[PDB]
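Text of the file run-v2.cif, holding mmCIF, C-alpha atoms:
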```
data_query
#
loop_
_atom_site.group_PDB
_atom_site.id
_atom_site.type_symbol
_atom_site.label_atom_id
_atom_site.label_comp_id
_atom_site.auth_asym_id
_atom_site.auth_seq_id
_atom_site.Cartn_x
_atom_site.Cartn_y
_atom_site.Cartn_z
ATOM 1 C CA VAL A 1 206.693 81.960 -76.751
ATOM 2 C CA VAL A 2 209.040 81.487 -73.798
ATOM 3 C CA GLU A 3 210.544 78.395 -75.458
ATOM 4 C CA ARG A 4 211.350 80.263 -78.668
ATOM 5 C CA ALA A 5 212.491 83.451 -76.903
ATOM 6 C CA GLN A 6 215.115 81.338 -75.147
ATOM 7 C CA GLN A 7 216.046 79.226 -78.172
ATOM 8 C CA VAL A 8 217.075 82.542 -79.709
ATOM 9 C CA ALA A 9 219.621 82.912 -76.883
ATOM 10 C CA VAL A 10 220.696 79.313 -77.477
ATOM 11 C CA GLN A 11 221.459 80.291 -81.073
ATOM 12 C CA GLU A 12 223.115 83.503 -79.849
ATOM 13 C CA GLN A 13 225.648 81.315 -78.065
ATOM 14 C CA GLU A 14 225.729 78.895 -81.009
ATOM 15 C CA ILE A 15 226.931 81.605 -83.400
ATOM 16 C CA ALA A 16 230.085 82.206 -81.346
ATOM 17 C CA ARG A 17 230.534 78.471 -80.817
ATOM 18 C CA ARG A 18 230.460 78.046 -84.598
ATOM 19 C CA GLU A 19 232.896 80.957 -84.929
ATOM 20 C CA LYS A 20 235.454 79.242 -82.703
ATOM 21 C CA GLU A 21 234.913 75.679 -83.942
ATOM 22 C CA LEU A 22 234.937 76.637 -87.625
ATOM 23 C CA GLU A 23 238.084 78.700 -87.129
ATOM 24 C CA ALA A 24 239.828 75.776 -85.421
ATOM 25 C CA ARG A 25 238.728 73.189 -87.994
ATOM 26 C CA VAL A 26 239.202 75.270 -91.165
ATOM 27 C CA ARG A 27 241.458 78.310 -90.868
ATOM 28 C CA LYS A 28 244.317 76.754 -88.890
ATOM 29 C CA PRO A 29 244.451 73.590 -91.067
ATOM 30 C CA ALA A 30 244.517 75.845 -94.135
ATOM 31 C CA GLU A 31 247.436 77.844 -92.714
ATOM 32 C CA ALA A 32 249.293 74.639 -91.835
ATOM 33 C CA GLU A 33 248.703 73.196 -95.309
ATOM 34 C CA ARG A 34 249.909 76.428 -96.914
ATOM 35 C CA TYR A 35 253.103 76.319 -94.855
ATOM 36 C CA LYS A 36 253.616 72.650 -95.743
ATOM 37 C CA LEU A 37 253.168 73.385 -99.449
ATOM 38 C CA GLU A 38 255.544 76.355 -99.217
ATOM 39 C CA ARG A 39 258.281 74.289 -97.582
ATOM 40 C CA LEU A 40 257.891 71.264 -99.863
ATOM 41 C CA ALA A 41 257.925 73.506 -102.943
ATOM 42 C CA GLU A 42 261.055 75.261 -101.678
ATOM 43 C CA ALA A 43 262.720 71.878 -101.166
ATOM 44 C CA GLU A 44 261.704 70.740 -104.657
ATOM 45 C CA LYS A 45 263.134 73.910 -106.195
ATOM 46 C CA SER A 46 266.354 73.509 -104.203
ATOM 47 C CA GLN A 47 266.705 69.932 -105.434
ATOM 48 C CA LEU A 48 265.824 70.650 -109.070
ATOM 49 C CA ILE A 49 268.150 73.648 -109.417
ATOM 50 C CA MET A 50 271.215 71.713 -108.288
ATOM 51 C CA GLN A 51 270.301 68.511 -110.125
ATOM 52 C CA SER B 1 154.050 76.113 -57.372
ATOM 53 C CA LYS B 2 156.012 73.458 -59.270
ATOM 54 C CA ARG B 3 156.856 75.982 -61.993
ATOM 55 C CA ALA B 4 158.110 78.509 -59.450
ATOM 56 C CA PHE B 5 160.249 75.887 -57.711
ATOM 57 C CA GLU B 6 161.726 74.565 -60.956
ATOM 58 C CA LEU B 7 162.487 78.082 -62.192
ATOM 59 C CA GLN B 8 164.292 79.027 -58.978
ATOM 60 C CA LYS B 9 166.216 75.743 -58.878
ATOM 61 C CA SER B 10 167.385 76.078 -62.489
ATOM 62 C CA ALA B 11 168.364 79.697 -61.858
ATOM 63 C CA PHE B 12 170.496 78.634 -58.892
ATOM 64 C CA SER B 13 172.019 75.755 -60.855
ATOM 65 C CA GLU B 14 173.111 78.309 -63.459
ATOM 66 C CA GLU B 15 175.610 80.169 -61.285
ATOM 67 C CA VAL B 16 176.605 77.098 -59.286
ATOM 68 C CA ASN B 17 177.611 75.399 -62.545
ATOM 69 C CA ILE B 18 179.401 78.566 -63.679
ATOM 70 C CA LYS B 19 181.452 78.685 -60.480
ATOM 71 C CA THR B 20 182.278 74.984 -60.699
ATOM 72 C CA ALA B 21 183.343 75.241 -64.350
ATOM 73 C CA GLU B 22 185.755 77.946 -63.246
ATOM 74 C CA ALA B 23 186.893 75.709 -60.378
ATOM 75 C CA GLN B 24 188.147 72.747 -62.421
ATOM 76 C CA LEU B 25 190.132 74.809 -64.930
ATOM 77 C CA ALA B 26 191.765 77.207 -62.470
ATOM 78 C CA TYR B 27 194.156 74.290 -61.889
ATOM 79 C CA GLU B 28 195.167 74.139 -65.554
ATOM 80 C CA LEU B 29 195.467 77.927 -65.729
ATOM 81 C CA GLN B 30 197.906 78.070 -62.820
ATOM 82 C CA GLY B 31 199.711 74.998 -64.136
ATOM 83 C CA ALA B 32 200.406 76.657 -67.480
ATOM 84 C CA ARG B 33 201.392 79.892 -65.737
ATOM 85 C CA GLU B 34 203.973 77.975 -63.697
ATOM 86 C CA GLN B 35 205.113 75.865 -66.667
ATOM 87 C CA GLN B 36 206.128 79.170 -68.238
ATOM 88 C CA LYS B 37 208.942 79.623 -65.699
ATOM 89 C CA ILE B 38 209.550 75.868 -65.451
ATOM 90 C CA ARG B 39 210.398 75.675 -69.142
ATOM 91 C CA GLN B 40 212.208 79.027 -68.983
ATOM 92 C CA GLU B 41 214.744 77.527 -66.596
ATOM 93 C CA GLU B 42 214.751 74.104 -68.285
ATOM 94 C CA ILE B 43 215.887 75.891 -71.462
ATOM 95 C CA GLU B 44 218.277 78.251 -69.664
ATOM 96 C CA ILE B 45 220.079 75.017 -68.723
ATOM 97 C CA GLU B 46 221.597 74.588 -72.175
ATOM 98 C CA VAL B 47 221.966 78.352 -72.623
ATOM 99 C CA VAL B 48 224.357 78.307 -69.668
ATOM 100 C CA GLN B 49 226.003 75.148 -71.020
ATOM 101 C CA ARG B 50 226.623 76.585 -74.495
ATOM 102 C CA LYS B 51 227.821 79.869 -72.979
ATOM 103 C CA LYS B 52 230.961 78.094 -71.727
ATOM 104 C CA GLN B 53 231.201 75.701 -74.623
ATOM 105 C CA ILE B 54 232.709 78.912 -76.045
#
```

Please lay out the structure from this file as structure tokens.
Amino acid sequence: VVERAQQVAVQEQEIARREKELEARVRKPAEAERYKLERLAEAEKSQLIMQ
Amino acid sequence: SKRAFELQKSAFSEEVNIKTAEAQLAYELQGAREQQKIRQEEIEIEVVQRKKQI
């Protein structure tokens, strides 16, 4: 009982660890990829219009 | 006379065996009671670790 009643606190810390790690490894790369796509698309439009 | 002696001796052996049987397993009882806190702290180890993994 003691083992499990402390593993619950282990998971209580794990939820916030997953919050931070998942944010870092998913949300920020998605934002960076969106910005990259935006800029490359803008460059492609700028090239195509004047060609 | 032999019957009286055997009856008294068996009667005495009853409670002496009861007290012994308690005596061996008091060790295991206290050991488990202490292992409660032992494992409590052994598992608080990684609780503290994961708290600052944040």

Which residues would end up in the selection if the PyMOL selection byres ((chain B and resi 53) around 12) were applied here, given that I need the answer as a PyMOL selection string?
(chain A and resi 10+13-21) or (chain B and resi 46-52+54)

Work out where the centre of an axis-aligned box around every listed atom of stretch 37-50 of chain A lies and how long its edges are once 6 Å is added on each side; give both in Å to one decimal as lines of an AutoDock Vina configuration file.
```
center_x = 262.2
center_y = 73.1
center_z = -103.5
size_x = 30.0
size_y = 18.4
size_z = 23.8
```

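The space separating atom CA of residue A:7 from atom CA of residue B:35 comes to 16.2 Å.
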
Would you work out the distance separating atom CA of residue A:12 from atom CA of residue B:43, expressed in Å to one decimal?
13.4 Å

Interatomic distance between atom CA of residue A:11 and atom CA of residue B:44?
12.0 Å

Can you patch up stretch 14-37 of chain B, filling it in to N, CA, C and O atoms, and show the result as a CSV table (one decimal), keeping the file's coordinate frame?
```csv
chain,number,residue,atom,x,y,z
B,14,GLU,N,172.3,77.5,-62.5
B,14,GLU,CA,173.1,78.3,-63.5
B,14,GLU,C,174.4,78.8,-62.9
B,14,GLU,O,175.5,78.4,-63.3
B,15,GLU,N,174.4,79.6,-61.8
B,15,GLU,CA,175.6,80.2,-61.3
B,15,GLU,C,176.4,79.1,-60.5
B,15,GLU,O,177.6,79.2,-60.5
B,16,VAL,N,175.8,78.1,-59.9
B,16,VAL,CA,176.6,77.1,-59.3
B,16,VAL,C,177.4,76.3,-60.3
B,16,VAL,O,178.6,76.1,-60.1
B,17,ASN,N,176.9,76.1,-61.5
B,17,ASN,CA,177.6,75.4,-62.5
B,17,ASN,C,178.7,76.3,-63.1
B,17,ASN,O,179.8,75.9,-63.5
B,18,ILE,N,178.4,77.6,-63.2
B,18,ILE,CA,179.4,78.6,-63.7
B,18,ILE,C,180.6,78.6,-62.8
B,18,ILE,O,181.8,78.4,-63.2
B,19,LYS,N,180.4,78.7,-61.4
B,19,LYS,CA,181.5,78.7,-60.5
B,19,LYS,C,182.2,77.4,-60.5
B,19,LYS,O,183.5,77.4,-60.4
B,20,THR,N,181.5,76.2,-60.6
B,20,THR,CA,182.3,75.0,-60.7
B,20,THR,C,183.2,75.0,-61.9
B,20,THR,O,184.4,74.8,-61.8
B,21,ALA,N,182.6,75.3,-63.1
B,21,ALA,CA,183.3,75.2,-64.4
B,21,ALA,C,184.6,76.1,-64.3
B,21,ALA,O,185.6,75.7,-64.8
B,22,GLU,N,184.5,77.2,-63.6
B,22,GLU,CA,185.8,77.9,-63.2
B,22,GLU,C,186.7,77.1,-62.3
B,22,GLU,O,187.9,77.2,-62.5
B,23,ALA,N,186.1,76.4,-61.4
B,23,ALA,CA,186.9,75.7,-60.4
B,23,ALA,C,187.8,74.6,-61.0
B,23,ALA,O,189.0,74.5,-60.6
B,24,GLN,N,187.3,73.8,-61.9
B,24,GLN,CA,188.1,72.7,-62.4
B,24,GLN,C,189.3,73.3,-63.2
B,24,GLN,O,190.5,72.9,-63.0
B,25,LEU,N,189.1,74.4,-64.0
B,25,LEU,CA,190.1,74.8,-64.9
B,25,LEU,C,191.1,75.9,-64.3
B,25,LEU,O,192.1,76.2,-65.0
B,26,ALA,N,190.8,76.4,-63.1
B,26,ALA,CA,191.8,77.2,-62.5
B,26,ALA,C,193.1,76.4,-62.3
B,26,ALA,O,194.2,77.0,-62.3
B,27,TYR,N,193.0,75.1,-62.0
B,27,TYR,CA,194.2,74.3,-61.9
B,27,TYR,C,195.0,74.3,-63.1
B,27,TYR,O,196.2,74.6,-63.1
B,28,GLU,N,194.4,74.1,-64.3
B,28,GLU,CA,195.2,74.1,-65.6
B,28,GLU,C,195.7,75.5,-65.8
B,28,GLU,O,196.8,75.7,-66.3
B,29,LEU,N,195.0,76.6,-65.5
B,29,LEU,CA,195.5,77.9,-65.7
B,29,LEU,C,196.7,78.2,-64.9
B,29,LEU,O,197.8,78.6,-65.5
B,30,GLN,N,196.7,77.9,-63.6
B,30,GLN,CA,197.9,78.1,-62.8
B,30,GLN,C,199.0,77.1,-63.2
B,30,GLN,O,200.2,77.5,-63.2
B,31,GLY,N,198.7,75.9,-63.7
B,31,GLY,CA,199.7,75.0,-64.1
B,31,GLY,C,200.5,75.5,-65.3
B,31,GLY,O,201.7,75.4,-65.4
B,32,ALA,N,199.7,76.1,-66.3
B,32,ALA,CA,200.4,76.7,-67.5
B,32,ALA,C,201.2,77.9,-67.1
B,32,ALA,O,202.3,78.1,-67.6
B,33,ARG,N,200.7,78.7,-66.2
B,33,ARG,CA,201.4,79.9,-65.7
B,33,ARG,C,202.7,79.5,-65.1
B,33,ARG,O,203.7,80.2,-65.3
B,34,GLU,N,202.7,78.4,-64.3
B,34,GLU,CA,204.0,78.0,-63.7
B,34,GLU,C,204.9,77.3,-64.7
B,34,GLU,O,206.1,77.5,-64.7
B,35,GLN,N,204.3,76.5,-65.6
B,35,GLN,CA,205.1,75.9,-66.7
B,35,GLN,C,205.9,76.9,-67.5
B,35,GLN,O,206.9,76.5,-68.0
B,36,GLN,N,205.4,78.1,-67.6
B,36,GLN,CA,206.1,79.2,-68.2
B,36,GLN,C,207.5,79.2,-67.7
B,36,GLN,O,208.5,79.0,-68.4
B,37,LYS,N,207.6,79.5,-66.3
B,37,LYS,CA,208.9,79.6,-65.7
B,37,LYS,C,209.7,78.3,-65.6
B,37,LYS,O,210.9,78.2,-65.7
```
